[PDB]
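Heads up, the thing below is written out as structure tokens.
Every number here is computed from the coordinates shown, using simple stated rules; none is lab data. Cβ sites come from the backbone with ideal geometry, for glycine too, and all protein chains shown count toward neighbours.
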Amino acid sequence: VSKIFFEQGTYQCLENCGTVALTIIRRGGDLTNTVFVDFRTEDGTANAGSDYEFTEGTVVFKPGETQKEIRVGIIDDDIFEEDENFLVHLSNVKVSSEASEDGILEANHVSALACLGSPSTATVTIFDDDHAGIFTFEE
Ligand SMILES: [Ca+2]
Ligand SMILES: [Ca+2]
């Protein structure tokens with residue numbers, strides 16, 4: 001069993017940072033079986049593929065991967081950007097226990113089969129900082 005979840009619920013980075021590194025924490029004791037969780041960024045209040053990247057991929061939790069790090073590319077849009085953020089959601093949990101990709105309901109999963117130990121919403125608030133005369137609106 002492995003609960004996959006974001007270390008933080010909100011991540012902030014500069015637009016000029018290049019990438020934002022998020023960390024997924026994995027709990028459940030010990031588990032060396034390879035757990036796969038699929039992720040993508042959500043447009044939220046912006047556009048993925050226009051403002052910042054969608055970094056759609058799958059996180060491979062290998063033996064030793066008690067934590068995983070993902071990075072979202074920031075795209076060069078320079079618009080007056082006020083609290084321009086997106087949401088990272090996790091979905092599609094698949095477990096490699098057998099040598100086949102389709103692990104038939106194998107008990108080395110997240111919860112029941114799949115779930116996530118977060119909203120799951122890792123809000124990535126990009127600090128444009130260029131025209132960012134932002135106001136703190138609570139999420
Ligand atoms: Ca933007
Ligand atoms: Ca900007």
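Of all residues in the range 13-28, those that are on the phi < 0 side of the Ramachandran plot and aliphatic (A, V, I, L, M) have Cβ atoms under 6 Å from Cβ atoms of residues that are within 13 Å of ligand 2 (Cβ to nearest atom) and not in a helix (DSSP H, G or I), 6 or more apart or on another chain, in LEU14/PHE127; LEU14/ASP129; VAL20/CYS13.
Look at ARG27 and say whether it is over 27 Å from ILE104 (Cβ atoms) and either surrounded by fewer than 16 Cβ atoms within 10 Å (Cβ to Cβ) or hydrophobic (A, V, I, L, M, F, W, C) (or both).
So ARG27 does not fit the description; no.
All told, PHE5 meets the bar of being assigned to a strand (DSSP E or B) and under 30 Å from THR136 (Cβ atoms).
When you scan the range 16-40, how many residues do you find that are among the polar types (S, T, N, Q) and under 9 Å from the mean Cα position of the chain (by Cα)?
1
Just to be sure before I move on: is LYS62 in contact with a strand residue (DSSP E or B) (Cβ under 9 Å, 6 or more places away or on another chain) and farther than 17 Å from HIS89 by Cβ in the structure I sent? Criteria met by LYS62. Just checking, how many residues over the range 65-80 are within 16 Å of ligand 1 (Cβ to nearest atom) and under 18 Å from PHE54 (Cα atoms)? Qualifying residue count, the range 65-80: 7. Looking across the range 42-58, the residues that are away from ligand 1 (no atom under 13 Å from the Cβ), of a type outside the set (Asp, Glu) and outside any loop (DSSP other than H, G, I, E, B) come down to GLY57, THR58. Just so you know, in the range 59-72 the residues that are exposed (fewer than 14 other Cβ atoms within 10 Å of the Cβ) and in a strand (DSSP E or B) include one that is farthest from ligand 2 (Cβ to nearest atom), and it is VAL60.
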